[PDB]
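Comments concern the structure below.
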Amino acid sequence: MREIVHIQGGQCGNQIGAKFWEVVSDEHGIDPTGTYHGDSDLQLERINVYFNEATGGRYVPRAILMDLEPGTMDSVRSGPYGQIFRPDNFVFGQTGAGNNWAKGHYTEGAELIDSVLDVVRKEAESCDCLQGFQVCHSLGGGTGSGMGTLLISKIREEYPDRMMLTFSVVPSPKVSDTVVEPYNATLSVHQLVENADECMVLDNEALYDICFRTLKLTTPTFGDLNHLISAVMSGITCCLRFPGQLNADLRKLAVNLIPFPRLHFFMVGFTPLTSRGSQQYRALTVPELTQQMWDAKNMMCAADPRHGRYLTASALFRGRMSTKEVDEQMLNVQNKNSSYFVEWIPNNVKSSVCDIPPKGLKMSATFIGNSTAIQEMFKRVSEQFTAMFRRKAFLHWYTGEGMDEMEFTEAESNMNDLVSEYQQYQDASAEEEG
Amino acid sequence: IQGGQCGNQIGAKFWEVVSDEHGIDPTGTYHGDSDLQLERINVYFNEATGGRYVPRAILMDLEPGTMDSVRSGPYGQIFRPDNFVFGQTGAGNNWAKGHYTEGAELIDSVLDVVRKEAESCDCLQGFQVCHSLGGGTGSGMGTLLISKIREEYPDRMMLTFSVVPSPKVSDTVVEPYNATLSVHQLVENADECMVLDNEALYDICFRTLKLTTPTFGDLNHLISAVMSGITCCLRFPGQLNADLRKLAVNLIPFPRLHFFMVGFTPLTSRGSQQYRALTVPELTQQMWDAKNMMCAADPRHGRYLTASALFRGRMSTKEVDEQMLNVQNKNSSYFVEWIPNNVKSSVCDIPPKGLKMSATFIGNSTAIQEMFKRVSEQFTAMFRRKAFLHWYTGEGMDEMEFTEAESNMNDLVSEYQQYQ
Amino acid sequence: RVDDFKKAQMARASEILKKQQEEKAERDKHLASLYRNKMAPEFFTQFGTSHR
Amino acid sequence: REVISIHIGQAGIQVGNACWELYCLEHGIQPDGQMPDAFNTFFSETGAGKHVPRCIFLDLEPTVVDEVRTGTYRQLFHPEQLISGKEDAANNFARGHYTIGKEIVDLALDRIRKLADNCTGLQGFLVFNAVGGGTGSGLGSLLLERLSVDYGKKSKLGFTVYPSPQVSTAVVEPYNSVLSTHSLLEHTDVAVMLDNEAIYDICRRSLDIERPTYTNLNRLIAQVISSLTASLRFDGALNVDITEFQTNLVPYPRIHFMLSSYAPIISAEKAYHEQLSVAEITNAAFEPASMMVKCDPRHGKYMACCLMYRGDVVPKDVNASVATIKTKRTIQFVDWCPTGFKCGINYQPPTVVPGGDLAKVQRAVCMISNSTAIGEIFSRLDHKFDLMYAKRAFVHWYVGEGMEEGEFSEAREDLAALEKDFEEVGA
Amino acid sequence: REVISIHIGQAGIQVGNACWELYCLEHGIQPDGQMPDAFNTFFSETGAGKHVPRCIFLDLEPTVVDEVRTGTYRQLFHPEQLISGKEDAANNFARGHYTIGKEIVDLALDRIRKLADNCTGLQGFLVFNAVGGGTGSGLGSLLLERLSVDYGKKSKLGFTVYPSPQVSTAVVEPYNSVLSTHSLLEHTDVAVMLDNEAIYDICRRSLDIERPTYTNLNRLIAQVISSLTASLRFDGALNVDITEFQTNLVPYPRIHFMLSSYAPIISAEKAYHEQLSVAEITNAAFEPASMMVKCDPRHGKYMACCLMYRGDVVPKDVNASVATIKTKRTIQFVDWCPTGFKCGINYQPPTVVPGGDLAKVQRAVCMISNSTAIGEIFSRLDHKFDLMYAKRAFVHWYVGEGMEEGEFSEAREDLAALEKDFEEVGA
Amino acid sequence: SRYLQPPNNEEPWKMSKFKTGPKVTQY
Ligand SMILES: Nc1nc2c(ncn2[C@@H]2O[C@H](COP(=O)(O)OP(=O)(O)OP(=O)(O)O)[C@@H](O)[C@H]2O)c(=O)[nH]1
Ligand SMILES: Nc1nc2c(ncn2[C@@H]2O[C@H](COP(=O)(O)OP(=O)(O)OP(=O)(O)O)[C@@H](O)[C@H]2O)c(=O)[nH]1
Ligand SMILES: Nc1nc2c(ncn2[C@@H]2O[C@H](COP(=O)(O)OP(=O)(O)O)[C@@H](O)[C@H]2O)c(=O)[nH]1
Ligand SMILES: Nc1nc2c(ncn2[C@@H]2O[C@H](COP(=O)(O)OP(=O)(O)O)[C@@H](O)[C@H]2O)c(=O)[nH]1
Ligand SMILES: [Mg+2]
Ligand SMILES: [Mg+2]
């Protein structure tokens with residue numbers, strides 16, 4: 001029936017995919033060796049969206065992994081739940097991009113993306129009703145950003161009507177790992193604004209802040225951050241895999257969240273997230289879910305929605321609830337904070353309910369916010385880009401491989417028009433027409 | 001002849017009462033005591049086989065609901081299934097059904113049934129129709145059959161115990177349209193029409209009977225008792241006889257003036273039954289009371305053209321005549337001047353079972369035209385704004401029919417007014 | 001006899017109403033536990049499971 | 001006198017679940033499909049000892065349909081009457097009206113053809129759908145269009161669900177509502193609005209349910225449907241059929257929008273002390289606090305009225321109640337409708353379902369009225385459709401799937417003309 | 001013959017608790033709701049074996065209201081009649097008359113609408129409240145205004161609790177009392193004041209209880225109301241209903257201000273020892289030491305008087321007692337009413353509540369007269385109103401809640417006109 | 001003042017396309 005494929009690009013994408021497949025395998029009741037050993041029948045009815053039945057209850061994940069250096073693939077194989085992935089889905093080269101968008105987009109991607117296309121097309125035709133593609137990757141690296149964007153472009157060229165999600169992490173100044181982050185990020189955004197159906201912006205700033213303040217973990221390694229991202233993706237997909245009182249597919253969320261085709265950049269959060277020593281003190285009710293859902297410090301981007309307006313919003317709910325409480329909480333939050341919601345769209349919020357909660361919980365929530373304050377990140381990256389690009393810094397690593405300055409100018413211009421369009425839609429006059 | 005839901009229910013109660021009065025059980029067998037019961041059975045029943053009597057009735061409507069309700073209850077086993085003229089689409093209180101959109105395929109089978117039923121008897125004394133007046137098929141099949149019947153059989157009498165659109169609250173929103181059109185057909189084709197309404201029945205159950213929950217059973221029992229009182233003299237002897245034609249010729253001074261306001265007596269509560277007497281004055285005073293009539297027409301607001309009083313039981317004719325003369329003389333202002341002796345009396349020596357005395361009143365007065373103007377005004381208000389017209393006009397006719405009927409109803413108001 | 005029939009029916013109907021009252025009170029207590037969130041110890045073991 | 005019902009959308013078939021549960025418990029039909037003769041209007045005697053309902057559950061997302069196929073009533077419903085697609089319309093009247101509807105409309109239609117062919121005394125069709133969604137609004141309108149062109153004069157009662165003024169579940173209900181009402185105006189014979197916020201208010205106030213769910217709402221809707229169908233199914237003192245509401249409540253072809261209210265909605269504790277009488281239950285059906293649509297009829301004028309009575313009700317009491325209502329000036333009628341009532345009485349009291357919260361009662365009233373506050377409802381929805389249409393927001397989806405702007409404009413002007421009609425008629 | 005009683009404020013509904021306890025005890029109604037035809041005027045018989053009072057409790061704070069909801073009389077009262085707000089007026093006429101009362105007044109009045117719809121022979125309303133508070137003064141006056149507008153002709157008695165001359169529990173109570181009396185004039189039909197210090201003195205002297213509380217005061221007030229409505233409830237040799245208070249005791253439209261007295265108020269031992277004939281119980285009811293308003297009638301003139309008798313009372317003895325009262329010159333009547341008495345005789349003796357202090361009495365007298373000391377009471381209150389109004393004290397609260405100085409001034413001059421009226425009538 | 005504010009009754013604005021008339025026949 002409805003089908004979702006997972007695509008992982010680069011080291012970050014591979015680790016996030018590993019964590020996501022771990023949590024999904026736990027949710028659907030399959031063991032690390034690939035066979036089903038669950039209890040209820042609800043764990044069999046909707047596993048076709050992620051698994052193919054091979055032999056004797058063997059379910060192989062419907063994923064395609066990507067990289068350019070063997071270390072990531074070997075780490076994926078050696079970890080737990082590493083014996084479920086099909087070896088043929090490891091489309092792969094062994095040279096390495098090396099934090100270079102041009103290397104992963106023109107020199108190395110050009111020969112490996114054909115094998116990627118073979119694998120992904122065999123996968124996409126291996127299903128009956130493909131619901132959409134799902135890609136997770138980075139925008140700072142070379143083999144995840146460049147090759148990932150090229151795959152996005154090729155897939156959008158081949159399958160135009162299918163859906164497309166992108167869980168893309170963006171660089172941020174407080175934690176900058178490499179030096180050429182703006183060069184990769186600007187061109188990656190230039191590609192995504194034209195190819196991706198919708199984007200969900202992530203960054204390690206908000207993940208680290210969530211772990212430090214909310215979870216209060218001593219040592220928030222990448223495992224916790226990948227777990228948070230995986231929980232976000234699972235709560236995004238939950239509606240398809242389990243029955244509920246109100247269903248909402250990815251297309252429904254996209255049409256209820258995107259008012260204009262270029263406004264497809266969302267800021268996301270998860271609820272609840274509390275410390276083990278502090279979970280005793282707190283009440284466990286739906287208002288506690290909603291109140292932490294709307295909090296700015298719970299968001300997973302380094303952009304405060306308080307600095308802008310909410311264009312549209314969506315909330316994904318899991319577990320048995322009363323629709324009355326959800327609806328009244330949404331109405332209350334929408335009516336009280338009246339200045340943070342754009343005026344030419346009444347009822348900016350979409351809601352849905354699912355009857356199956358994630359492991360360890362009885363109820364949870366996932367929030368999608370299409371805000372006009374997201375262009376803060378784009379400006380914050382473009383300033384570093386135009387400061388670095390002023391005197392052709394690190395440029396020979398790109399022009400010495402085929403690119404020209406015109407690509408950089410076009411990426412900068414596109415990013416600037418995107419932020420200008422977001423700004424104009426923020427302060428758009430409420431009640432007029434021309 | 002009965003049409004629609006109201007017609008079916010009143011006919012069921014009427015046949016119940018009549019079958020008990022002639023002493024036949026609900027299985028259709030005679031079990032009476034006196035020999036006076038058998039000699040005039042043929043006026044209502046036919047002997048089939050082995051002493052079984054079937055009513056000379058034609059049950060006929062558009063929906064199976066009323067027929068099922070009639071058949072399921074007691075005395076539902078006496079009706080011959082062949083007389084069950086029967087449609088399948090429904091009425092829905094709709095004009096359309098009843099003269100050009102849903103009734104013609106039934107008007108013909110009922111025509112065959114009534115023809116076979118009327119040719120079976122040797123001297124048909126007349127036709128009697130009990131039907132609703134605010135419905136779709138109760139009016140529709142009923143008085144369309146009245147129309148075709150008059151063409152085939154002009155001399156025979158036609159009696160209609162119609163239930164006029166409910167007066168203060170309306171069962172049907174489109175009640176003015178259905179009532180006005182039915183009355184135009186009735187004035188031209190029906191020989192004599194008894195006017196009824198549920199308001200007077202509800203008031204009677206309020207005050208005289210003092211019942212708590214008077215369902216349609218009691219109202220239909222009242223109407224059936226009135227019917228039996230009207231048709232009593234045909235079945236039993238008496239000191240002074242009078243059939244339907246007697247009343248028609250002594251009650252109708254002009255051919256268009258044949259709407260009657262009707263009452264029945266005695267009607268006493270079971271708590272007040274121990275306190276009343278049983279004499280001719282006790283019948284006359286209760287009969288002439290305005291709060292006893294079965295129509296929303298106050299006789300004090302108009303003039304009595306002619307009146308009739310059919311008495312039942314062993315009684316002195318002198319007392320009846322002197323009571324009629326006294327009531328005529330004391331209320332001298334309510335009786336028309338150019339016509340003396342406005343009342344006719346007839347005596348039958350057989351009363352209803354369990355009683356000694358009874359009387360039924362028929363009064364042709366110009367106070368009933370109050371109801372005609374009340375309905376006409378409601379039609380004009382709706383017709384001016386063309387409300388609900390689409391349900392009727394698109395169903396197969398023209399607005400001219402609406403206009404002609406309103407004008408004739410208006411003329412009927414004026415002629416009654418002339419003799420006021 | 002009619003009046004005694006009415007008194008029997010209302011007494012019968014009153015018994016159903018009282019039984020309905022107890023059933024509703026049971027449902028409200030049941031919904032309190034079902035609609036209340038709670039965290040299992042297996043949820044907290046998800047964090048800090050890898051060094052990286 | 002068989003009536004067949006079609007349920008379009010995730011909202012329609014949950015209402016169908018509640019309605020068919022009520023019908024099965026009311027006619028004594030076990031969930032396996034057989035009794036331990038009035039059932040013919042809802043169930044057809046197939047073979048010997050088996051009853052199959054006269055309904056079709058049609059939807060695009062198959063999760064709820066296969067949940068129905070999996071749960072308790074596996075044997076009652078037959079798998080050929082439950083139509084389910086592969087992909088959703090995704091809150092898009094456009095998608096379900098042009099892309100996905102055109103392939104699923106024909107199968108449901110040729111199933112309903114034989115469903116009606118089985119019937120002998122077919123009264124009409126009646127629909128359940130929510131115009132806020134994509135499948136209920138999108139292909140529901142197409143199915144209504146093709147039913148109208150295939151049958152024409154047969155009744156098509158509309159029990160639709162309109163979005164609440166303030167309570168909302170998505171962002172694009174104005175577009176879907178306008179584009180569905182544009183065709184429902186000229187194809188639905190009689191349409192009854194149902195709002196989710198009003199039923200929430202009724203549950204909080206009357207049934208004192210602190211945390212209600214859609215199941216209670218569906219149960220109340222099923223109670224209303226059973227109350228308006230009981231006179232067809234059961235004998236009464238004064239029974240009415242489906243064709244009544246067309247003639248007695250629709251003075252003009254383009255004005256068919258009926259406000260619904262039910263009385264009494266009362267809980268077990270609250271029913272323990274109120275001496276239920278025809279007078280007070282008639283009174284409680286007229287106040288806006290007991291209506292199923294979030295609108296106030298005091299701002300308008302009543303155009304028609306239909307009253308349904310169930311249980312221990314005599315014509316005397318309804319006469320007195322209606323007369324007393326008419327004497328008081330708290331409510332007012334339009335000057336060209338002097339007689340605007342349509343009363344009906346049924347014998348059997350409403351059956352009480354185990355697990356329901358409504359207390360068993362001796363009498364109840366169901367109301368179907370017509371006023372001009374519907375012109376306030378449509379203007380209120382028109383404001384928030386107009387705000388979005390000002391800057392052409394979300395219309396790219398509709399245009400891209402296969403619509404064009406002209407359909408938006410013509411629907412907008414159709415609702416504007418309906419507004420002018422509503423304010424002209426009430427003069 | 002039916003009467004519906006409304007209780008406004010904390011004092012009003014505590015008095016209501018006492019009154020309805022006595023009402024349930026006297027008619028043999030268990031607190032659960034059912035007995036183990038006199039009850040008609042206070043209770044309504046629902047279904048089979050269940051009686052509901054014809055009353056509403058309304059208040060702005062929920063503490064006392066849900067204390068009533070929690071106590072023994074839980075199943076007797078039913079959740080519809082106990083109106084409860086969220087925040088109180090907090091000793092402020094303006095708050096409860098303009099800000100908070102506007103939202104709670106409609107619910108009380110449309111509950112009263114259906115309460116009267118249940119009734120058929122409504123004698124009239126009667127109110128229980130205190131003018132010293134905020135809720136009882138402001139929105140109580142608003143409810144009286146709207147009741148006078150909606151119904152008009154029906155009777156509206158008032159049993160208010162005016163502040164004591166020297167004993168007080170509040171500071172801004174002169175403002176509340178004056179502003180409540182300004183609207184109480186043209187709306188209340190008959191006003192019977194009940195003062196707190198007077199009943200305290202009655203309890204200290206008659207019942208010799210050193211440490212009384214509000215419950216004893218409420219018990220005595222409830223006994224007075226019961227002895228006042230026993231004529232409607234029970235058969236007597238010479239009965240007198242509610243409508244006779246207006247005609248026989250109100251000589252002028254703006255002079256409706258009544259004293260109340262009761263006799264005998266006795267303990268068990270004193271009841272055993274001393275005989276209770278008609279003569280002394282009539283004599284004791286006329287001394288100022290047995291009055292429920294702290295005023296002395298010897299400072300004024302008796303304009304009218306009403307007498308209620310219960311138990312073993314024959315007309316000859318009440319005639320002799322009223323004659324001896326008339327001839328004694330310690331009290332003087334006005335010249336203008338040569339026959340200024342209204343006697344009423346009932347057969348039912350007053351009932352006793354177990355746990356109380358009043359013993360079983362063969363015969364009792366409840367007197368309601370009209371005098372000129374009302375002018376003294378109002379002048380004494382007006383003087384200390386004007387003293388505190390001189391320095392603009394506490395006025396900012398009232399102005400902020402939505403008032404101004406115009407109504408202050410007009411209330412001042414209205415009580416001045418009342419003073420002039422009471423002075424001229426006594427001459 | 002929030003409690004004491006007078007209510008307002010105005011249609012909350014639409015396009016300039018107010019020109020369309022009723023589809024019903026006028027009377
Ligand atoms: N009254 C009532 N309304 C419901 C119920 N379930 C859903 N709805 C309404 O249905 C509307 C949206 O339609 P859906 O239920 O999602 O199903 P749909 O109409 O096919 O729309 P799609 O999501 O495109 O499939 C919402 O606005 C709800 O108010 C229900 O059980 N009762
Ligand atoms: N006689 C009598 N008076 C009472 C009783 N309870 C309260 N009062 C009076 O009520 C006055 C104060 O008003 P309350 O009734 O307590 O409260 P309120 O009328 O609702 O006004 P707010 O407290 O401002 O909301 C006091 O001066 C008391 O004299 C009582 O039980 N008996
Ligand atoms: N959230 C998350 N971020 C990661 C992970 N691994 C690497 N990153 C981030 O990705 C950036 C480097 O990207 P890189 O691994 O070189 O991308 P690649 O070249 O496509 O493999 C660094 O700034 C890291 O912070 C991971 O497992 N989770
Ligand atoms: N007296 C009496 N009147 C009835 C009865 N049944 C219906 N009516 C009246 O008939 C009118 C409605 O007619 P209706 O049943 O719709 O006619 P039909 O649809 O053609 O069968 C109402 O005004 C009722 O007062 C009955 O049993 N007895
Ligand atoms: Mg849906
Ligand atoms: Mg208080």
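Naming works like this for the structure tokens: A, B, ... for the chains as they're shown, residue 1 at the start of each chain, ligands 1 onward in shown order.
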### Task
Mind listing the strand (DSSP E) residues of region 89-134 of chain D, per DSSP on the backbone, as a list in words?
residues 124, 125, 126, 127, 128, 129 and 130 of chain D
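The residues of region 224-311 of chain B that DSSP assigns to alpha helix (DSSP H) on this backbone come out as residues 224, 225, 226, 227, 228, 229, 230, 244, 245, 246, 247, 248, 249, 250, 251, 280, 281, 282, 283, 284, 285, 286 and 287 of chain B.
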### Site check for ligand 4: residues at most 7 Å away, only C-alpha atoms and all ligand atoms, as a PyMOL selection string
(chain B and resi 3-6+9-10+91-93+132-140+163+165-166+170-172+198+216-217+219-220) or (chain D and resi 238)
### Task
Just the residues within 12 Å of residue 328 (chain B), please, counting only C-alpha atoms, with nothing from its chain fewer than 3 positions along; format it as a list in words.
residues 284, 288, 303, 304, 305, 306, 307, 321, 322, 323, 324, 325, 331, 332, 333, 334, 335, 336, 337, 339, 340, 341, 342, 343 and 344 of chain B
Residues up to 10 Å from ligand 5, counting only C-alpha atoms and all ligand atoms: could you list those as an mmCIF file with N, CA, C and O atoms, in the first residue's frame?
```
data_model
loop_
_atom_site.group_PDB
_atom_site.id
_atom_site.type_symbol
_atom_site.label_atom_id
_atom_site.label_comp_id
_atom_site.auth_asym_id
_atom_site.auth_seq_id
_atom_site.Cartn_x
_atom_site.Cartn_y
_atom_site.Cartn_z
ATOM 1 N N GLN A 245 -7.887 7.889 15.375
ATOM 2 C CA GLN A 245 -9.163 8.579 15.248
ATOM 3 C C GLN A 245 -9.141 9.659 14.174
ATOM 4 O O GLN A 245 -10.207 10.136 13.770
ATOM 5 N N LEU A 246 -7.958 10.052 13.709
ATOM 6 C CA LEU A 246 -7.831 11.061 12.661
ATOM 7 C C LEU A 246 -6.495 10.836 11.969
ATOM 8 O O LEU A 246 -5.440 11.013 12.587
ATOM 9 N N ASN A 247 -6.538 10.453 10.698
ATOM 10 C CA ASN A 247 -5.322 10.137 9.970
ATOM 11 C C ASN A 247 -4.794 11.368 9.241
ATOM 12 O O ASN A 247 -5.541 12.282 8.883
ATOM 13 N N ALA A 248 -3.477 11.382 9.024
ATOM 14 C CA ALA A 248 -2.837 12.489 8.315
ATOM 15 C C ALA A 248 -1.562 11.952 7.666
ATOM 16 O O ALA A 248 -0.548 11.776 8.346
ATOM 17 N N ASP A 249 -1.626 11.706 6.360
ATOM 18 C CA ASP A 249 -0.468 11.254 5.608
ATOM 19 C C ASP A 249 0.496 12.421 5.397
ATOM 20 O O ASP A 249 0.222 13.565 5.771
ATOM 21 N N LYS A 252 -1.036 15.101 3.281
ATOM 22 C CA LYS A 252 -1.988 15.924 4.020
ATOM 23 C C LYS A 252 -1.268 17.008 4.813
ATOM 24 O O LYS A 252 -1.679 18.175 4.812
ATOM 25 N N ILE D 8 -19.417 8.691 3.148
ATOM 26 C CA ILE D 8 -18.281 9.166 2.367
ATOM 27 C C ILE D 8 -17.321 9.851 3.333
ATOM 28 O O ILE D 8 -17.665 10.862 3.956
ATOM 29 N N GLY D 9 -16.113 9.306 3.460
ATOM 30 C CA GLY D 9 -15.082 9.943 4.256
ATOM 31 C C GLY D 9 -14.812 9.267 5.583
ATOM 32 O O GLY D 9 -15.584 8.409 6.021
ATOM 33 N N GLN D 10 -13.705 9.644 6.230
ATOM 34 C CA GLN D 10 -13.397 9.104 7.550
ATOM 35 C C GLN D 10 -14.436 9.525 8.578
ATOM 36 O O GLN D 10 -14.675 8.804 9.553
ATOM 37 N N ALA D 11 -15.060 10.688 8.382
ATOM 38 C CA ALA D 11 -16.132 11.116 9.270
ATOM 39 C C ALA D 11 -17.426 10.367 8.985
ATOM 40 O O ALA D 11 -18.175 10.043 9.913
ATOM 41 N N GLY D 12 -17.703 10.088 7.711
ATOM 42 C CA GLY D 12 -18.970 9.468 7.358
ATOM 43 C C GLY D 12 -19.107 8.056 7.892
ATOM 44 O O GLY D 12 -20.162 7.669 8.400
ATOM 45 N N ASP D 59 -14.225 5.123 1.082
ATOM 46 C CA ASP D 59 -13.200 6.022 1.593
ATOM 47 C C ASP D 59 -11.931 5.816 0.777
ATOM 48 O O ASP D 59 -11.793 4.834 0.045
ATOM 49 N N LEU D 60 -10.999 6.759 0.915
ATOM 50 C CA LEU D 60 -9.715 6.680 0.228
ATOM 51 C C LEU D 60 -8.607 6.096 1.096
ATOM 52 O O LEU D 60 -7.852 5.242 0.625
ATOM 53 N N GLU D 61 -8.483 6.528 2.348
ATOM 54 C CA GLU D 61 -7.530 5.895 3.253
ATOM 55 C C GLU D 61 -8.116 4.585 3.769
ATOM 56 O O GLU D 61 -9.198 4.594 4.366
ATOM 57 N N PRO D 62 -7.459 3.446 3.541
ATOM 58 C CA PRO D 62 -8.063 2.153 3.889
ATOM 59 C C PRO D 62 -7.834 1.704 5.323
ATOM 60 O O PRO D 62 -8.292 0.615 5.683
ATOM 61 N N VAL D 64 -8.985 2.893 8.300
ATOM 62 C CA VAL D 64 -10.235 2.790 9.043
ATOM 63 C C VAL D 64 -11.154 1.723 8.445
ATOM 64 O O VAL D 64 -11.845 1.007 9.183
ATOM 65 N N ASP D 88 -4.822 8.730 0.082
ATOM 66 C CA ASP D 88 -5.785 9.706 0.564
ATOM 67 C C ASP D 88 -5.892 10.889 -0.395
ATOM 68 O O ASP D 88 -5.026 11.121 -1.243
ATOM 69 N N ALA D 89 -6.984 11.644 -0.248
ATOM 70 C CA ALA D 89 -7.129 12.900 -0.972
ATOM 71 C C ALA D 89 -6.377 14.038 -0.294
ATOM 72 O O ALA D 89 -6.179 15.088 -0.914
ATOM 73 N N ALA D 90 -5.966 13.848 0.962
ATOM 74 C CA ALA D 90 -5.104 14.782 1.685
ATOM 75 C C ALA D 90 -5.734 16.174 1.782
ATOM 76 O O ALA D 90 -5.195 17.163 1.284
ATOM 77 N N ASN D 91 -6.897 16.227 2.436
ATOM 78 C CA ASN D 91 -7.596 17.485 2.724
ATOM 79 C C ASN D 91 -7.700 18.372 1.487
ATOM 80 O O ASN D 91 -7.493 19.585 1.546
ATOM 81 N N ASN D 92 -8.025 17.760 0.352
ATOM 82 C CA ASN D 92 -8.039 18.473 -0.924
ATOM 83 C C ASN D 92 -9.300 18.067 -1.678
ATOM 84 O O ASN D 92 -9.362 16.975 -2.253
ATOM 85 N N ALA D 130 -18.214 14.847 5.761
ATOM 86 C CA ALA D 130 -17.729 16.113 6.290
ATOM 87 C C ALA D 130 -17.064 16.894 5.166
ATOM 88 O O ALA D 130 -16.129 16.399 4.528
ATOM 89 N N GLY D 132 -15.170 19.398 5.368
ATOM 90 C CA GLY D 132 -13.837 19.889 5.682
ATOM 91 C C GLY D 132 -12.736 19.082 5.020
ATOM 92 O O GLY D 132 -11.705 19.632 4.624
ATOM 93 N N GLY D 133 -12.936 17.773 4.892
ATOM 94 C CA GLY D 133 -11.912 16.888 4.382
ATOM 95 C C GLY D 133 -11.813 16.906 2.868
ATOM 96 O O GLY D 133 -12.385 17.749 2.177
ATOM 97 N N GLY D 134 -11.056 15.940 2.351
ATOM 98 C CA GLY D 134 -10.824 15.840 0.923
ATOM 99 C C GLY D 134 -11.647 14.772 0.234
ATOM 100 O O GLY D 134 -12.157 14.991 -0.868
ATOM 101 N N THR D 135 -11.774 13.602 0.864
ATOM 102 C CA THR D 135 -12.561 12.526 0.269
ATOM 103 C C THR D 135 -14.054 12.781 0.433
ATOM 104 O O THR D 135 -14.831 12.620 -0.515
ATOM 105 N N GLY D 136 -14.474 13.178 1.636
ATOM 106 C CA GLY D 136 -15.879 13.470 1.860
ATOM 107 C C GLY D 136 -16.387 14.624 1.023
ATOM 108 O O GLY D 136 -17.499 14.570 0.491
ATOM 109 N N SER D 137 -15.585 15.680 0.889
ATOM 110 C CA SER D 137 -15.969 16.852 0.110
ATOM 111 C C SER D 137 -15.705 16.653 -1.381
ATOM 112 O O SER D 137 -16.549 16.991 -2.217
#
```
### Long-range neighbours of region 362-367 of chain A as an MDAnalysis selection string, 10 Å cut-off, only C-alpha atoms, 2 positions minimum in chain
(chainID A and resid 231:236 266:273 284:286 289:290 292:294 299 313:321 350:351 353:360 369) or (chainID C and resid 34:40)
### Message
At a cut-off of 6 Å and counting only C-alpha atoms and all ligand atoms, what residues surround ligand 3? Please answer as a PyMOL selection string.
### Response
chain A and resi 10-12+15-16+99+138+140-145+177+204+222+225-226
Quick one: contact table of chain F to chain D, 9 Å max, nearest atom pair and distance in Å to one decimal per residue, counting only C-alpha atoms, chain and number order, as CSV?
```
residue,atom,partner,partner_atom,distance
F:11,CA,D:379,CA,8.0
F:12,CA,D:383,CA,6.3
F:13,CA,D:383,CA,6.6
F:14,CA,D:386,CA,5.9
F:15,CA,D:386,CA,6.8
F:17,CA,D:413,CA,8.0
F:18,CA,D:416,CA,7.6
F:20,CA,D:417,CA,6.0
F:21,CA,D:417,CA,5.6
F:22,CA,D:417,CA,4.6
F:23,CA,D:417,CA,5.9
F:24,CA,D:421,CA,6.0
F:25,CA,D:421,CA,8.9
F:26,CA,D:424,CA,7.7
F:27,CA,D:424,CA,8.6
```
#### Entry: Nearest candidate to residue 112 (chain B) (options B:261, B:130, B:413, B:58; using only C-alpha atoms)
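For residue 112 (chain B), the nearest of the candidates is B:58.
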